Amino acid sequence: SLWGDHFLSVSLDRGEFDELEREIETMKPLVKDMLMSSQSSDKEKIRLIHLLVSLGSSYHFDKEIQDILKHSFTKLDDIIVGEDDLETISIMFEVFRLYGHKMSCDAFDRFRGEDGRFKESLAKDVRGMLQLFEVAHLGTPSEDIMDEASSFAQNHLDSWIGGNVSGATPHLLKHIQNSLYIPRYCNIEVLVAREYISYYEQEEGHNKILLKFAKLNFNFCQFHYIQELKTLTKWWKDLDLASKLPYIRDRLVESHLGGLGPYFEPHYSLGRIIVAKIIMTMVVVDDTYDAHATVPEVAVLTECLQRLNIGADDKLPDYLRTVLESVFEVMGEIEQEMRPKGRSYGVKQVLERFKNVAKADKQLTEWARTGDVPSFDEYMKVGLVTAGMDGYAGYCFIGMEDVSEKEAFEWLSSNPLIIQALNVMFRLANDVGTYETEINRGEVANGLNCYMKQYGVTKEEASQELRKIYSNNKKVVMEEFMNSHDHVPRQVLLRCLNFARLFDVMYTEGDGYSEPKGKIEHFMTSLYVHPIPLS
């Protein structure tokens, strides 16, 4: 709607594409030489890996990076003996855990007083505190030291900002303000890269190869997203549900972000398109589960979603028939596209996994239609089904050629705890963040409203309460993300962690929660419109 016209008419020069692809391929060997240098230490390699992570460029070298870290993790106790640099320990902490190696929080005891707290002497290390702050968002459920590290660096970094000196180094100041507002692991990979490029450009001594490589890499990535949004807009318009339905909302860029969060790299382009098509479609089905649909309509709609057919013509009203027909047609076409690539089984899973989302959605509708506000505890039993994180992960698996089909779906239907925790996060983040919309539409059965109902707390007190439930399940996702390495493909685990990080950017606003449309406007043009000018 808003941006649909824009993407349809933006011009992508295939010659610009080909040149970015070539310059990237031309520089890749030089960067690779840096990682495999026999002259740099393990510490120096970890520093570089983190820099390639920061710049959204690690994936070009994922085989090498994983191997470097598998080996030097075995040497980690030795690498850190007498390593007293706060930012160095914190950088190793980020790199090793991001790559599935659970580096112990005992690493920070060297920065901790006898009281127990982190030494006040750390306040001179403005960079160390920033990197400590960032890694405090990588804690497992038992590591309460990280919540104390986050509070320590934040307050000590806030003091620096409000004071005297912080002025003198503006580019660093701005980077720290950005990081405190949107922590790296509360942000998605490509936006972290976008901002770190601006920051790295202003660091005296920045490597010019890596900077230029990161810019080329970002502009290449962004070229794909625009082409993907263009493709999706054409697809959505040819489907033309807007002509046959009244209540269709504009979820184009939100739906693309639904693929972009999980994976930003160019080789996941097709996967992003598949995910965005499925989301825009299933989102129409979810809007159809509406308190203003009657008992017979919702009964028949739910039943058609169990059978996956048409009705007989033994059935009900027109807009509702149009929606079921479209869903079956969209999913049938996607399955046909994916059949040559031997991935049609995964497309089939979409509507199979959705059958229980539909039955859950039917119950939600009865609550809203009668105006019953359940207990919070009883609401969630339905709400974690409707959250569908197992379905969401299947969508992303479809366009990932190196995730064996029955490997991945084995896992999902084994109900991994990581998918359980993601369900809590999405359900809570979505219902609090969209609360004003929900009350407007009469959806009074929701996570926030049921918690106020149960505990007599106000909206703000319930907001804070479900926040903590949300933080806890995020730590569960982190610990599950690490513990499942060498048991679950890393490619699969990364989508899971990116779900968590995507939910922070879409929904979290300071200490409570907000609507994603407002959050998307903050990074819309830098992500989808303007390339980085190349030095």
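So that there is no doubt, residue numbering starts at 1 and follows the sequence shown.
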Study note, to complete from the structure: Stretch with higher mean Cα temperature factor, 79-87 vs 251-259, is 79-87
Practice item. Would you mind comparing 19-27 and 510-518 for me and telling me which has the higher average C-alpha temperature factor in the entry? Key: 510-518
Revision key, fill the gap. Scanning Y395, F426, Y185, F152 for peak Cα temperature factor in the entry gives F152
**Study point:** From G167, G399, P340, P266, residue of greatest CA B-factor
**Key:** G167
Review point. Lowest, middle or highest third of the chain for the C-alpha temperature factor of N498?
Key: lowest
Study note, to complete from the structure: Split the chain's modelled residues into thirds by Cα B-factor; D486 lands in the highest
Review point. Comparing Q39 with the other modelled residues of its chain, is its CA B-factor in the lowest, middle or highest third?
Key: highest
Point to revise | Chain thirds of CA B-factor: placement of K102 | key: middle
Check your understanding: Split the chain's modelled residues into thirds by Cα B-factor; is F133 in the lowest, middle or highest one?
Key -> lowest
